[PDB]
């Protein structure tokens, strides 16, 4: 009988031939579906009976569901290359998944500033503060960049944390007043200069020159940069992990508790743990993978990019998302609607 495997992953988060290569090597039929919204994935998981054997949630969402019985523990004896994973990244993911019981770290990155090098330098000068959140969180700078286009993510959790860190508050403040007060105060001063709040349109807009500065996910900004280079359109997109720090986050593979094809799922996970497999993915999607054995195999342009693989001094400035109580979640959501309506 045919062996089958159903995977649900983000768009633009695998190499073009990863699945084909796996099928050639193993004889397993893969059904590979994609989503571009975390809201979509989580709704399906909470409803249950998804039909997926492997899914790719955020590490933070995993914490919220470790008690909901959504996932089943990973049998590490079926993953002999588990030893290839970076122990430091396992520790960070274990903040949401104690003892790394349910999740295999896949890729990770930061939320920083993507920008058009030429347009930012034209408007703010040669010494534009591209190494600082000042570039996009000082109203005086956004007023000058307004005409060339400014985008923020449509993501209250990441944007509020970014603002709180910049203001010198706890990035993960549990104080409702921090969100409704100082954080909202700054966002309302910036708001008239922001063209839109959206978590994917900025990728193509950066690549085509339609916006000049964005809050964005590192690898997606690097994808925009590469798309502009492949189009030979002369647009120069870069990305900055600013000097004040930034949020780091981790996407993981996990196995729904009702998965029908568990043996095949473990074959695919151990396939991903082979160093060349995940290095090849990083080469194509411009995200750092969590496999320490894989790093030397990654192309120089990606591995040596400190906005993809940050060195120790930059990693020390990164913070991670803490899961908040529902009451803070709702304050955050309410305040974000007010910010956007401004």
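Numbering follows the first chain given and starts at 1.
Two stretches are in play, 236-244 and 254-262, and the higher mean C-alpha B-factor belongs to 254-262. Per the PDB record, of the two stretches 329-337 and 19-27, 329-337 carries the greater mean B-factor over its C-alpha atoms. Sorting 83, 76, 229, 198 by the CA temperature factor given in the entry leaves 76 at the top. Note on 223, 162, 72, 267: the highest value goes to 72, judged by CA B factor as recorded. Ranked against the other modelled residues of its chain, the C-alpha B-factor of residue 112 as given in the entry falls in the lowest third. When the modelled residues of the chain are ordered by C-alpha B-factor, residue 50 sits in the highest third. Residue-level temperature factors show residue 11 in the middle third of its chain, judged at the C-alpha atom.
Remark: residue 219 belongs to the lowest third of its chain, ranked by C-alpha B-factor as recorded. The entry lists a Cα temperature factor for residue 104 that places it in the lowest third of the chain's modelled residues.
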